[PDB]
Number of protein chains: 2
Amino acid sequence: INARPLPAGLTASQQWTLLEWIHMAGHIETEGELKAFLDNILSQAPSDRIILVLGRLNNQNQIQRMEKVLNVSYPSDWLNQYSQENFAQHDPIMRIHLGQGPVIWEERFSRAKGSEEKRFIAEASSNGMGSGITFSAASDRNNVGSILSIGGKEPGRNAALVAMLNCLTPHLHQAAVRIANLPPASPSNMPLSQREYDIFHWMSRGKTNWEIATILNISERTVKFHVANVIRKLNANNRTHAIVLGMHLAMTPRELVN
Amino acid sequence: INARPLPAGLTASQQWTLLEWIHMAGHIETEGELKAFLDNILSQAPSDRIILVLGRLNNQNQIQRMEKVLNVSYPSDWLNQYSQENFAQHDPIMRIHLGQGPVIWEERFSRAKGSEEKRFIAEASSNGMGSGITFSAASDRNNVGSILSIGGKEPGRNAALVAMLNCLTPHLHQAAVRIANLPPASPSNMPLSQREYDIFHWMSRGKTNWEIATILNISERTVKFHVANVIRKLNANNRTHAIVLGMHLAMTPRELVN
Ligand SMILES: CCCCCC(=O)N[C@H]1CCOC1=O
Ligand SMILES: CCCCCC(=O)N[C@H]1CCOC1=O
């Protein structure tokens with residue numbers, strides 16, 4: 001399993017708080033809960049400005065297109081300008097390879113050479129957005145990742161909080177994915193027709209295609225067709241794999257009565 | 001946020017292991033990782049038999065239909081019989097309200113009065129499946145939940161491990177949901193057409209429907225239609241809400257260049 005390592009320096013009190021944070025994050029299912037949770041654990045200073053952005057990524061894990069903007073406390077004026085002036089294309093923070101460690105904005109701003117990037121930096125600055133830090137995480141089996149940005153003074157000064165937030169970020173990302181209602185990581189199974197299910201029923205009992213043909217009184221030609229469709233609908237590699245992957249269907253062919 | 005409380009009794013060593021477990025669980029994206037992870041942290045005794053079942057739930061959080069069967073170490077003979085004899089409908093463990101605390105099977109077996117339940121108990125027993133424990137968790141905004149079953153001797157004797165596993169279960173459940181590739185918790189946004197996007201572009205800049213009509217040279221009648229479709233596709237409550245919910249579309253109308 002690919003996961004950033006837990007932070008080593010932490011006091012027992014910090015280790016507990018982080019466990020609470022990650023455990024709670026894993027229960028977040030609504031945008032409201034996520035907004036409230038981000039707001040809470042980043043409450044002081046009340047002058048900080050927070051946003052989480054979920055995006056579709058290229059093969060370098062950089063955001064290609066945003067999937068969801070979850071504002072916590074970015075100024076609406078700034079978001080308006082960011083949208084209208086297409087700052088996503090000029091914002092050095094948007095070029096980050098998601099899943100690396102925290103990025104203090106000046107690390108990037110101090111190195112920006114391009115005209116559009118310099119303009120963005122000046123505009124950000126005049127909007128009170130000149131300094132900050134960004135945490136990020138990316139999924140392994142779906143091209144999506146989130147950035148968590150905190151704008152404000154003295155970004156990253158609290159080293160332990162940075163480590164804890166960095167560790168928490170992947171969990172905030174997964175929560176963002178849940179609340180964003182995206183298509184599944186890989187295609188869902190497709191519902192079998194009754195005839196495909198009847199065929200799968202006998203597959204699951206160890207019947208050969210010919211035996212199934214006999215039982216259903218159709219040619220094996222037809223059985224083979226249905227079997228191919230069952231395998232496809234279950235995203236299986238073969239007949240035998242489909243029987244394993246489709247076990248849930250064979251176990252509860254109808255609504256369980258309670 | 002609705003979440004079972006962290007366990008209080010734990011030693012510092014146990015508190016750390018649990019953090020590692022929950023943090024790692026939150027990174028699981030494949031069935032293989034989940035199978036390997038369950039196997040690992042439940043390794044002794046190697047005589048234990050483990051399965052995770054993800055299901056669609058009724059309004060009492062009981063499984064109505066299975067969505068995925070993730071076998072770790074249940075005997076294949078037993079799964080075969082369970083499928084063929086429709087034991088899902090007779091298994092007292094399948095009647096559990098998912099999300100309660102751990103269930104030692106005998107708690108239920110000792111109270112089972114019905115003929116089919118008694119038969120199931122006898123069959124389970126003869127297959128080495130007579131004793132065990134089941135952990136469970138359920139989602140709040142999607143009718144899905146998982147049971148994690150461990151069959152074996154002296155179920156639940158290690159109180160600290162029970163507490164830690166119980167705490168971990170919701171996170172295993174969310175991982176199961178990811179790997180099962182289900183439809184989103186609520187419907188995904190629908191892709192806007194170019195014309196709907198052009199309309200949303202101006203919505204996002206504060207243009208009224210009439211102003212948009214003027215800019216696009218169409219009637220406001222037509223604009224209203226497109227606006228209704230934009231609101232619907234973004235699952236928004238109204239025009240103004242759609243502008244917030246659709247901010248990602250306005251911010252990255254095209255692929256970001258990197
Ligand atoms: C509006 C989404 C912004 C995501 C990336 C980010 O946080 N960028 C910082 C950099 C300075 O101003 C910002 O908005
Ligand atoms: C095959 C899925 C079983 C899920 C529920 C469960 O673990 N039931 C136990 C009870 C005795 O035998 C079993 O299989």
Side-chain angles (χ1 to χ4, degrees), chain A residues 49-55 63 66 68-71 74-76 78-83 87-88 90-96 98 103-106 108-109 112 117 120-136 146-152 155 247-248 250-252, chain B residues 49-55 63 66 68-71 74-76 78-83 87-88 90-96 98 103-106 108-109 112 117 120-136 146-152 155 247-248 250-252:
Chain A
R49 293 160 176 183
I50 301 160
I51 198 156
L52 179 150
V53 171
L54 173 68
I63 294 162
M66 293 180 191
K68 185 165 176 71
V69 173
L70 201 155
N71 191 27
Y74 269 32
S76 64
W78 174 244
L79 295 178
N80 197 46
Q81 183 184 0
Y82 197 108
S83 189
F87 281 166
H90 310 307
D91 184 352
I93 312 315
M94 284 301 289
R95 316 275 81 73
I96 297 316
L98 274 55
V103 171
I104 305 282
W105 300 347
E106 194 57 31
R108 305 302 178 102
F109 297 175
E117 279 182 322
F120 167 85
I121 294 158
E123 292 302 299
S125 288
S126 71
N127 284 268
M129 299 300 305
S131 58
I133 186 172
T134 292
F135 301 90
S136 63
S146 301
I147 58 145
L148 168 69
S149 287
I150 310 171
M247 185 162 292
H248 62 288
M251 282 180 169
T252 60
Chain B
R49 293 160 176 183
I50 301 160
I51 198 156
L52 179 150
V53 171
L54 173 68
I63 294 162
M66 293 180 191
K68 185 165 176 71
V69 173
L70 201 155
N71 191 27
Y74 269 32
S76 64
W78 174 244
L79 295 178
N80 197 46
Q81 183 184 0
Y82 197 108
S83 189
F87 281 166
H90 310 307
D91 184 352
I93 312 315
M94 284 301 289
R95 316 275 81 73
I96 297 316
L98 274 55
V103 171
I104 305 282
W105 300 347
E106 194 57 31
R108 305 302 178 102
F109 297 175
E117 279 182 322
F120 167 85
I121 294 158
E123 292 302 299
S125 288
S126 71
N127 284 268
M129 299 300 305
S131 58
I133 186 172
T134 292
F135 301 90
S136 63
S146 301
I147 58 145
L148 168 69
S149 287
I150 310 171
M247 185 162 292
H248 62 288
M251 282 180 169
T252 60

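Keep in mind that the numbers below use all heavy atoms, side chains included, and drop hydrogens, waters and symmetry copies. Here is the naming used below: chain letters follow the sequence lines, and residue numbers restart at 1 for every chain. Both counts, for ligands and for their atoms, begin at 1 and track the order of listing.
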Review point. Is the backbone N or O of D91(A) less than 3.5 Å from a side-chain atom of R95(A), with the two atoms forming a donor-acceptor pair by type?
Key: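 Such a contact is found between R95(A) side chain and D91(A) backbone.
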
Inset, instruction - Check for a donor-acceptor pair, side chain of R49(A) on one end and backbone N or O of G128(A) on the other, with a separation under 3.5 Å. - result: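 It does hold such a pair.
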
Ring geometry between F87(A) and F120(A) (parallel below 30°, tilted from 30 to 60°, perpendicular above 60°):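 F120(A) vs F87(A) ring planes: perpendicular.
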
Notebook entry, point to check: Should the ring pair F109(A) and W105(A) be called parallel, tilted or perpendicular, given that the plane angle runs from 0 to 90° and is split at 30 and 60?
Noted result: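 Answer is tilted, since the angle falls between 30° and 60°.
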
Report each N/O pair between ligand 2 and the protein that falls under 3.5 Å, naming both atoms.
from     : atom 1 : to      : atom 2 : distance (Å)
ligand 2 : 7 (O)  : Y74(B)  : OH     : 2.8
ligand 2 : 7 (O)  : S149(B) : OG     : 2.8
ligand 2 : 8 (N)  : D91(B)  : OD2    : 2.7
ligand 2 : 14 (O) : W78(B)  : NE1    : 3.0

inquiry  = Using every non-hydrogen atom in the two residues, find where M129(A) and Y74(A) come nearest and quote the distance to one decimal.
reply    =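 Between these two residues, the closest heavy atoms are CE-CZ, 3.5 Å.
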
Could you list the residues that satisfy side chain to side chain contact (heavy atoms under 4.5 Å, CB included) with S83(B), not counting sequence neighbours?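 Applying side chain to side chain contact (heavy atoms under 4.5 Å, CB included) to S83(B) gives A250(A), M251(A).
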
